[PDB]
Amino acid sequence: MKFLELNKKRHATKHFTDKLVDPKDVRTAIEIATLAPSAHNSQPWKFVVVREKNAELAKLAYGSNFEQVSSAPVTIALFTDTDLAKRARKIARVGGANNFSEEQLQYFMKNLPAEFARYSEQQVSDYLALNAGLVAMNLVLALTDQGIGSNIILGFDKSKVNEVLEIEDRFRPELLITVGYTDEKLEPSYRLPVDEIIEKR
């Protein structure tokens, strides 16, 4: 019904008008987006709202991503926390006894980190990438709900992003999300027929 309607108006936006994007709207969209579930409720994410370093950042984008990042009034660099033990502890420290029982606090302070310590490098890397996908989706929908266009960009030079945006190396860049109002009518892109991608077991 109404969620279908939201989805039909989300498009990959590549050309933006000059209309200003209100930081109150960006903050709201991000606050809705983080209601997203995450494995362990680890919420291992950091949103870097770029309004000043856009031209610099754009030099890291490949092909036509260069023009998208240069023009977009806002780009949100989505980072994930590669120190999953510190991320669990952060949740315990910030939430505290006002949000958590003693059992829950021990879990985030000690149990969970002990679990994370036994993850392979691929397990960690997949975990962060997956949780970034969950929240990135919620974010673009939240923007769309406010009438704001966006595009998720993976074609950029991840190795320079921390340096350019002055973010601790503990955080790795996952995605750039350009944010702005759209200067062109767009058509829905192709999706496989649903019965093509469903299996019954």
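Note that residue numbering follows the sequence shown and begins at 1.
Undergrad: On mean Cα temperature factor in this entry, is 95-103 or 78-86 the higher one?
TA: The stretch with the larger mean CA B-factor is 95-103.
Undergrad: Name the higher of the two by mean Cα B-factor in the PDB entry, 128-136 versus 66-74.
TA: Between 66-74 and 128-136, it is 66-74 that shows the higher mean C-alpha B-factor.
Undergrad: Looking at the entry's B-factor column for C-alpha atoms only, identify whether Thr17 ranks in the lowest, middle or highest third of its chain.
TA: As the PDB entry reports it, the C-alpha B-factor of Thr17 lands in the middle third of its chain.
Undergrad: Taking the C-alpha B-factors as the PDB entry records them, is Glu174 in the lowest, middle or highest third of its chain?
TA: Tercile = lowest for this residue's CA B-factor.
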